[PDB]
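Protein chains in written order, with the authors' numbering: chain Z, 4 to 67; chain y, 1 to 77; chain U, 2 to 98.
Yeah, the Cβ is synthetic: ideal placement off N, Cα and C, and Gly gets one too.
Notes to accompany the following structure.
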Amino acid sequence: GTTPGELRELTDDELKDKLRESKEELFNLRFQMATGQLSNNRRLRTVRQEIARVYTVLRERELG
Amino acid sequence: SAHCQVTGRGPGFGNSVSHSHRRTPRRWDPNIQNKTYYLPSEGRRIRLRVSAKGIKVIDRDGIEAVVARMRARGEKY
Amino acid sequence: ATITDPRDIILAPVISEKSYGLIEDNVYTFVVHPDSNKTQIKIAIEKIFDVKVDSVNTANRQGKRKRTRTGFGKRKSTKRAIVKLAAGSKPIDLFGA
RNA sequence: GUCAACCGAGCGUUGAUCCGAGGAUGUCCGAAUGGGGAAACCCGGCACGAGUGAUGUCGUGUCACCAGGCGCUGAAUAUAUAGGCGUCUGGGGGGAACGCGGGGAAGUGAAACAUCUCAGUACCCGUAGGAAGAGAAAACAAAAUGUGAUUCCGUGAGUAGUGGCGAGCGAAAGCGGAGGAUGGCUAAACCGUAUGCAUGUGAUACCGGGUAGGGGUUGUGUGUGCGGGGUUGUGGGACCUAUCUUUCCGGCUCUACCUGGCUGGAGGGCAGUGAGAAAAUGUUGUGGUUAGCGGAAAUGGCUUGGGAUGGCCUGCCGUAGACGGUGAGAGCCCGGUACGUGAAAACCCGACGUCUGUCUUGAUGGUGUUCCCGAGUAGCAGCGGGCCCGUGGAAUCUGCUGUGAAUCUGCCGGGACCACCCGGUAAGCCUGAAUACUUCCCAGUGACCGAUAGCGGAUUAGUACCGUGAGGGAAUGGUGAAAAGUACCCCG
RNA sequence: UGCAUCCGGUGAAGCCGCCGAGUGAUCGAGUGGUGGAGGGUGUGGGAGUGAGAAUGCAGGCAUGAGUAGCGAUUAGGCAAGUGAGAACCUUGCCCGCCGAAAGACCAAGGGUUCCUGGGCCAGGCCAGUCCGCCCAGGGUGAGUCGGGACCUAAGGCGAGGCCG
RNA sequence: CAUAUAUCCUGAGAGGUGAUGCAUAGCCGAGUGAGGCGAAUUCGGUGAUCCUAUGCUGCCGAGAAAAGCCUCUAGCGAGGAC
């Protein structure tokens, strides 16, 4: 649970930390989903969105 | 044809004749030739596709003049 | 920026009797991205699990072609990759059978 | 999201779903463009970065082709060039019609048919634009004291005419109108210039006379590129030469001095993103477009009916009785209309102030003669196209060859041609508005269709199916007010 | 459709009718059944304005007809089986056929037809518990195999280029 | 200097290993089908359209190219070769 103004406080390397973490989460979720060990499907959507936000912020900071 | 170069005297397309007509063209070409010339400025021999008319133009007008006029048209001489 | 993550290639496991007969003797089958390859998959896996792969394989699968009131549709192709972990032998826990 | 339900798991007043404008990401093919290729899939290089014990691998970029400019070199070969290497900017293809230039048929009609016509149509090519092209008189006209760029519409006119004088084709002038910009910019004579191919009065000449140092502002030539001057028809213009001579000075006229003529700045004026030079600037208008929003008045009464929006009887609103839906025809239920509102951002109009130039060192007229007024062109001859005009007595406009002139007592036209008069001043260039058109978008109208109709397509529609391929090319709408879609039992 | 008026969920149209009418094309504001929302009248206006024939078009249905055929020249059978249902499906023992093929392996080509589980209103020229049919799920693993990253022929494309 | 069965090259195959293995006849009960032990494994004939053979012989119709392999230098050359 994050938002853009919340993230814009974070510097780059912190963003990459959260980025890699979220990708690990997405991976573990896909395995759980196959296995059937998952119920809250929507976390996939949420994580996918957060990754998009993070790349977006990086590109803002690279075109600013 | 490769097309003239100093003027642009391209073809034309006639048609009929006498003795009853028949409708039927016969391109009226221009008379281009392959005369060459010499540029004393840059020390070079140039070959062109120029009609006799254009040769007339040259000899009463120069060659430098003509190549400048062709440079305008940007022909790939 | 762009960040190569190895966990975006490996998409998912495989869950089936063949796969489990392989797991009984330490061979694991995953589903990968079509434009992957064996060196890339080897590196991804022996990074992610810090475990010692020695040989990798692959396969392709042309998707099935079902029918509909509309007409003749078609599922998606894939690429299945098959890994034989070496004598290191730490099974992949996150699999969850 | 949906046909399209079902299930699961969630989010949301901290403002979700939804709508609008701008951005970001943007796999692979495709002009496709690193090389290649059976389109969407195979192989690489170079710089950097990530990664392995090293290789393999991975990520980010970039590398095609030509045209032009600039830069380095100048092969045979001497000048030097083509070419080679690097860098910078362009172009490349798609499109529904509309346009301009070029090419360019035939079936048909002629009761046959070739000339003719169908048609300079279809089609093909090359290039465009939001419109295009044409466009400022080398024009019309007829002695009227006329008109005054062009284009598109109405008429003249199915006429004068043309035509195997057969089929058939077919103007223009003139007149009324729309729109108005009766519009601008150049070359040449002549100077000042950098030059560049040449030479040497090597001197009485380069300049305002003259007082003059030099001893060449090269002395004289000749084209080139730049800047002035000059843009016309009743002819004008450059030299010449008087007159009034509508700003201050800095330096210049080779030079100190009197003048004439330049090179600078300054108030100023004019104009401006104009066709007439070109870029951005910041204010900027409730100016316009791109989401929307409010919005008047009956649970009215009796009856029918499953349901009243019906009938009958009572009221009301109305800058709103257009339309549609709602369980049966609804101004007063809903959606919305008349009407008024509304834009942080982007886009378009002008508006401005920047910014840019531009005339200002000036003009009106005089006066007698030399010079210039767009050259392989106009004209003439030979074959041809198209003009009402089919080679005819056949002008004007033109295409290829061959020949080939002058500059104002010049030249071209006024339907052969000649003399007179008239009009106009070609061979350099730009020019808006009226006009034509709709792939797409927005809002509406219909004495148009209403599922064998209407777009081929209300239904998966250019789909299925057919064909190797270009290419053809279908069929199928309706439960009811709402699924309340027959729980349960019996035969099977 | 313009205009004026009339009927209509207290049941219009449309359809099946009965009874009747008009000199005819035709008519019933004359009534019944079905059915469920628009229609009639008079005057004018305008027409995609009247079908029985085009070896006419589209759909549906008949006669032929419950007839011909049911796709080779190898040939089937008995018991048991599950099953609602068995000439054909599973197994057992017989029998018979090909045996340089009617056997085993590749290339082109096709594209899940392969295995398992379930299924039989469509299909199979009969029926069917069966099937290449239907549904879901599963399944194809290459340093050495056939190709590419290695090369070239026929031929193709073709920078520059020449012609047009 | 050379004619040798010298020397070298190429090369079907026989032989040893490969193989203390595998696998096979069969037996056992076992019943879906699981299974487990598993003997001898010599000698002759016959005979390929297959291999040496891109060989050999003969004839005329006179019989793909390039990569690859080996080699000589140009050159990169103080580090590396096996």
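For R62 (chain U) and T79 (chain U), believed in contact at Cβ under 8 angstroms, the rounded distance: So it is a contact: roughly 5 angstroms between Cβ atoms.
Of the residues y:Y37, y:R27, y:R73, y:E42, the one placed nearest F13 (chain y), counting alpha carbons only: Answer by Cα proximity: y:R27.
Cα-Cα separation, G22 (chain U) to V15 (chain U): C-alpha separation (whole angstroms): 12 angstroms.
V67 (chain y) - containing beta strand (DSSP E), residue span: It is not in any beta strand (DSSP E) - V67 (chain y) instead sits in the alpha helix (DSSP H) that spans 64-73.
Local conformation of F13 (chain y) per DSSP, three classes: Collapsing the DSSP output to three states places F13 (chain y) in coil.
Alpha carbon of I58 (chain y) to alpha carbon of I32 (chain y), nearest angstrom: Going from the Cα of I58 (chain y) to the Cα of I32 (chain y) covers about 14 angstroms.
One or two residues paired with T36 (chain y) in a DSSP bridge: Paired residue(s): y:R47.
Spatial distance of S56 (chain U) from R8 (chain U) (CA atoms): Each residue's Cα considered, the two are about 19 angstroms apart.
Limits of the unbroken alpha helix (DSSP H) element including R46 (chain Z): For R46 (chain Z), the enclosing alpha helix (DSSP H) begins and ends at 46-66.
DSSP three-state assignment for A13 (chain U), whether helix, strand or coil: In the three-state reduction of the DSSP assignment, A13 (chain U) falls in the strand class.
Rounded distance between the beta-carbons of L95 (chain U) and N43 (chain Z), thought under 8 angstroms: Taking 8 angstroms as the upper bound for CB-CB distance, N43 (chain Z) and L95 (chain U) are not in contact here, some 17 angstroms apart.
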